[PDB]
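Here's the structure, in structure tokens; my notes come after.
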Amino acid sequence: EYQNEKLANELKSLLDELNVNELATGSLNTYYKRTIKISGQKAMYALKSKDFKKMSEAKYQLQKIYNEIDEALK
């Protein structure tokens, strides 16, 4: 149960910076805005599903776009 709770907490933390990251994409190619909305929505559903596999995949996908955004903002 620890891993499931740990992942839920981690995904919640990533989602806590979803809005700020989405706002940040305003200065980037519209690809980033569209992609973060999609990944953000999927991550939100995953967190409310509380399913490990859905949350794992959502963490991976959300971290991916966050990383791409961070690189793009440099």
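Since every read-out is calculated from the coordinates, none of them should be taken as a lab result. Cβ sites come from the backbone with ideal geometry, for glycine too, and all protein chains shown count toward neighbours.
I'm trying to understand the selection: among the residues of segment 14-32, which are closer than 27 Å to residue 3 by Cβ and either in contact with a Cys (Cβ under 6 Å, 6 or more places away or on another chain) or touching a residue at least 24 places away in the same chain (Cβ under 8 Å) (or both)?
Result: 14, 15, 17, 18, 21.
Would you mind telling me which numbered condition in (1) of a type in the set (A, V, I, L, M); (2) over 13 Å from residue 63 (Cα atoms); (3) surrounded by 14 or more Cβ atoms within 10 Å (Cβ to Cβ) residue 15 fails?
Answer for residue 15: the failing condition is (2).
Filter segment 28-42 down to residues that are surrounded by 11 or more Cβ atoms within 10 Å (Cβ to Cβ) and either under 15 Å from residue 70 (Cβ atoms) or basic (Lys, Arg) (or both), then give me how many there are.
Residues in segment 28-42 being surrounded by 11 or more Cβ atoms within 10 Å (Cβ to Cβ) and either under 15 Å from residue 70 (Cβ atoms) or basic (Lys, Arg) (or both): 10 in total.
Note down all Cβ pairs under 9 Å where the first residue falls in segment 33-49 and is in contact (Cβ under 8 Å) with a residue 24 or more places away in the chain, the second is surrounded by 15 or more Cβ atoms within 10 Å (Cβ to Cβ) and among the β-branched types (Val, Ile, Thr), and they're at least six residues apart or on different chains.
Short answer, once both residue conditions are applied: 35/25; 35/65; 35/69; 36/25; 36/65; 36/69; 39/65; 40/65.
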